[PDB]
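As stored in model-v2.cif (mmCIF, C-alpha atoms (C1' of nucleotides)):
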data_run
#
loop_
_atom_site.label_atom_id
_atom_site.label_comp_id
_atom_site.auth_asym_id
_atom_site.auth_seq_id
_atom_site.Cartn_x
_atom_site.Cartn_y
_atom_site.Cartn_z
CA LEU A 291 107.97 -88.17 -72.69
CA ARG A 292 109.05 -86.54 -75.98
CA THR A 293 106.57 -83.68 -75.45
CA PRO A 294 107.14 -80.37 -73.62
CA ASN A 295 105.95 -80.58 -70.01
CA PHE A 296 105.21 -84.32 -70.12
CA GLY A 297 103.36 -84.74 -66.84
CA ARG A 298 104.89 -87.61 -64.88
CA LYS A 299 101.97 -87.89 -62.46
CA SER A 300 99.36 -86.97 -65.08
CA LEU A 301 100.54 -89.59 -67.58
CA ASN A 302 99.47 -92.28 -65.10
CA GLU A 303 96.09 -90.72 -64.33
CA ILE A 304 95.34 -90.29 -68.04
CA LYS A 305 96.21 -93.94 -68.69
CA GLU A 306 94.02 -94.97 -65.75
CA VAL A 307 91.04 -92.95 -67.01
CA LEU A 308 91.60 -94.38 -70.50
CA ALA A 309 91.65 -97.96 -69.20
CA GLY A 310 88.52 -97.25 -67.16
CA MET A 311 86.68 -96.25 -70.34
CA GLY A 312 87.42 -99.66 -71.90
CA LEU A 313 90.45 -98.80 -74.06
CA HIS A 314 94.15 -99.38 -73.45
CA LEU A 315 97.46 -99.06 -75.29
CA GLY A 316 97.12 -100.16 -78.90
CA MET A 317 94.66 -103.05 -79.16
CA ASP A 318 93.54 -101.80 -82.58
CA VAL A 319 94.76 -100.86 -86.05
CA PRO A 320 96.91 -97.69 -86.26
CA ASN A 321 94.45 -94.88 -87.01
CA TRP A 322 91.68 -97.11 -88.36
CA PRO A 323 88.83 -94.56 -88.56
CA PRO A 324 91.14 -91.66 -89.45
CA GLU A 325 88.61 -90.19 -91.90
CA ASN A 326 85.33 -88.34 -91.36
CA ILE A 327 83.30 -91.52 -91.95
CA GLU A 328 83.52 -92.36 -88.23
CA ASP A 329 81.97 -89.05 -87.13
CA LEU A 330 78.58 -89.44 -85.46
"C1'" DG B 1 -12.31 -82.63 -31.29
"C1'" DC B 2 -12.29 -81.43 -36.29
"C1'" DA B 3 -11.71 -78.10 -40.33
"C1'" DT B 4 -8.49 -75.24 -43.03
"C1'" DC B 5 -4.00 -74.09 -44.68
"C1'" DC B 6 1.53 -74.24 -45.46
"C1'" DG B 7 6.85 -77.09 -45.63
"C1'" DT B 8 9.23 -81.65 -48.20
"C1'" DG B 9 9.65 -85.51 -52.02
"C1'" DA B 10 10.03 -86.74 -57.31
"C1'" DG B 11 16.95 -91.77 -60.84
"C1'" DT B 12 21.19 -91.85 -62.91
"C1'" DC B 13 25.07 -91.57 -66.14
"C1'" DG B 14 25.92 -89.47 -70.60
"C1'" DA B 15 25.48 -84.95 -74.52
"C1'" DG B 16 25.62 -79.08 -75.26
"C1'" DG B 17 27.74 -73.73 -75.70
"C1'" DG B 18 28.26 -68.81 -76.14
"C1'" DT B 19 24.51 -64.91 -73.87
"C1'" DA B 20 21.39 -60.63 -72.87
"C1'" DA B 21 18.69 -54.54 -71.44
"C1'" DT B 22 18.48 -47.83 -68.73
"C1'" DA B 23 22.03 -43.93 -69.77
"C1'" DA B 24 21.73 -34.81 -66.41
"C1'" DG B 25 25.45 -31.53 -65.82
"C1'" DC B 26 29.05 -28.28 -63.86
"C1'" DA B 27 32.11 -25.95 -60.04
"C1'" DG B 28 35.13 -26.26 -56.10
"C1'" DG B 29 38.88 -28.78 -53.30
"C1'" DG B 30 41.89 -32.84 -52.63
"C1'" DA B 31 44.05 -37.90 -53.20
"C1'" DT B 32 46.24 -40.95 -57.24
"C1'" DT B 33 49.01 -42.10 -60.73
"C1'" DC B 34 52.55 -42.01 -64.79
"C1'" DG B 35 57.47 -39.81 -66.71
"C1'" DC B 36 62.33 -38.48 -65.86
"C1'" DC B 37 66.25 -38.53 -63.49
"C1'" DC B 38 70.15 -38.92 -59.68
"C1'" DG B 39 71.79 -42.52 -57.55
"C1'" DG B 40 73.89 -46.20 -54.57
"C1'" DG B 41 74.21 -51.05 -54.31
"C1'" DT B 42 74.95 -55.39 -57.86
"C1'" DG B 43 77.52 -57.39 -61.67
"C1'" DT B 44 81.34 -57.81 -65.34
"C1'" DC B 45 86.32 -56.83 -66.43
"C1'" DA B 46 91.70 -54.96 -67.19
"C1'" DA B 47 95.35 -55.75 -64.37
"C1'" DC B 48 99.33 -56.26 -60.28
"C1'" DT B 49 101.32 -60.00 -56.40
"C1'" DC B 50 102.28 -65.25 -52.91
"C1'" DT B 51 102.29 -71.04 -53.54
"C1'" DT B 52 104.00 -74.79 -55.44
"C1'" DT B 53 104.07 -79.62 -58.50
"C1'" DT B 54 106.50 -80.96 -60.80
"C1'" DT B 55 108.65 -80.54 -65.28
"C1'" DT B 56 112.65 -79.18 -66.69
"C1'" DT B 57 118.23 -78.96 -65.38
#

Translate the structure described by the file into structure tokens.
Amino acid sequence: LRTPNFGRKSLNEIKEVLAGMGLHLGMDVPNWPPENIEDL
DNA sequence: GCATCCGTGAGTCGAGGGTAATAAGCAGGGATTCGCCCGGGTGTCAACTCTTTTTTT
């Protein structure tokens, strides 16, 4: 919500599509693979 | 009633890989065919106006 044009209806669809992919809010270390070592 | 002459046959699977020779001449007129170019229908882009789903007030 602290971003310009924070889509109220799109924030729910994006969370739904993220949960459908297998990921959710948090559930991991904060920026674990933040380097280029995780690039495939 | 017999003697003489003309058609069909020849197993079946496999290998091995392409070929080869003669050789007139020129004048008339048409049909054919290749280069350039204008062009009109097909694409690829700057650029002017309604609607509305919110995101902001």

Proximity of chain A to chain B: per-residue shortest pair, 9 Å limit, all atoms listed in the file, as CSV:
residue,atom,partner,partner_atom,distance
A:294,CA,B:55,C1',8.5
A:295,CA,B:55,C1',5.4
A:296,CA,B:55,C1',7.0
A:297,CA,B:55,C1',6.9
A:298,CA,B:54,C1',8.0
A:299,CA,B:54,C1',8.4

* Could you jot down the atom CA of residue 291 of chain A to atom CA of residue 306 of chain A separation for me, Å, one decimal place? =>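 Rounded to one decimal, the two atoms are 17.0 Å apart.
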
* Expected answer as a PyMOL selection string: all residues with atoms within 12 Å of (100.2, -92.3, -70.5), all atoms listed in the file -> chain A and resi 291-293+296-309+314-316

Centre and edge lengths of an axis-aligned box around all listed atoms of segment 27-42 of chain B, with 8 Å added on each side, are to be given in Å to one decimal, as lines of an AutoDock Vina configuration file.
center_x = 53.5
center_y = -40.7
center_z = -59.7
size_x = 58.8
size_y = 45.4
size_z = 30.1

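Taking atom CA of residue 323 of chain A as the reference point, atom CA of residue 311 of chain A is found at 18.4 Å.
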
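Between atom CA of residue 310 of chain A and atom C1' of residue 52 of chain B the separation is 29.7 Å.
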